[PDB]
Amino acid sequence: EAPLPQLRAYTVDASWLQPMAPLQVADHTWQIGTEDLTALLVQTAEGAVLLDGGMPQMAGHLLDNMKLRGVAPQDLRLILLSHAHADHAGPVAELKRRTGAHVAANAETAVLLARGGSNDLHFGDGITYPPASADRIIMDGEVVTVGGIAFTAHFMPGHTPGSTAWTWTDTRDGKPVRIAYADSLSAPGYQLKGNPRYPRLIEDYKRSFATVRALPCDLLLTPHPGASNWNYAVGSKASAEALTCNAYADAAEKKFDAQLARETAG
């Protein structure tokens, strides 16, 4: 009688899809995504690095903003990721096809990216995107260097098994600024306790809060800017209310502890 349900698209708040002009974060580092999704362009003498790309439909916008910054498609050398969900790695496959970029990621992120976010530990097949391959597998603490800028990977599993914080030192008019691009610490709708697909989930989150607290962190950014209290829409004041890494980890742990207590109740 009833047919099987139609496929449902992954739809998001309009602000996550609202294009913005490039916003300078430090001397070499620019936010080039949307008002509510981070995509960081780091420009060096020997090419550019992109950290995250946002949603699948953002590929053209990212290339447009790269061109505004003077980065031709072939000048993009490397793509790094916070984690391989559709709202952060969405356009990676298309960006690889349209640029000279390689992708570097840890093994967990590589296997999730290669299945386009399908068979997610918590989302199943509900939130997917075009698959892409990682060209370089990185280990915890490994340094990736482009044009002399060194990016250090800090694994912080929990939100995904492959969740990664990336740190690098830029300058603000020549003076060092230690940037920490810390991954999400949310657990949206997750089963936290006794999860057969992620048995050590709680232990991983708890260690990840400590990892984030200890990051070198003059300036924190996050894949969802609201998580670190950034306001990309207000330009020069965008960073004014930004959290420290310590405060971001503390807020995330308090939310996590409350969610765990509610799960025990329900």
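One-based numbering along the sequence shown. C-alpha atoms forming the largest set that superposes within 1.5 Å between two forms make up the rigid core.
Here 170-178 and 185-193 are scored by the root mean square distance of their C-alpha atoms in 9 other deposited structures of this protein, with each structure fitted by the rigid core; the higher score goes to 170-178.
Look at the mean CA B-factor for 229-237 and for 207-215 in the entry; the higher one is 229-237. Taking the PDB entry as given, 142-150 carries the higher mean Cα B factor of the two stretches 180-188 and 142-150. Take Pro91, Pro73, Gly116, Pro161 and read off each C-alpha B-factor from the entry; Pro73 has the highest. Placement of the Cα temperature factor of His83 within the chain: lowest third of the modelled residues, per the deposited record. Annotation for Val42: C-alpha temperature factor in the lowest third relative to the rest of the modelled chain, per the entry. Per the PDB record, residue ranking by Cα B-factor puts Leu68 in the highest third of the chain. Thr169: CA B factor lies in the middle third for its chain, per the PDB record. In this PDB entry, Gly124 carries a Cα temperature factor that places it within the middle third of its chain's modelled residues.
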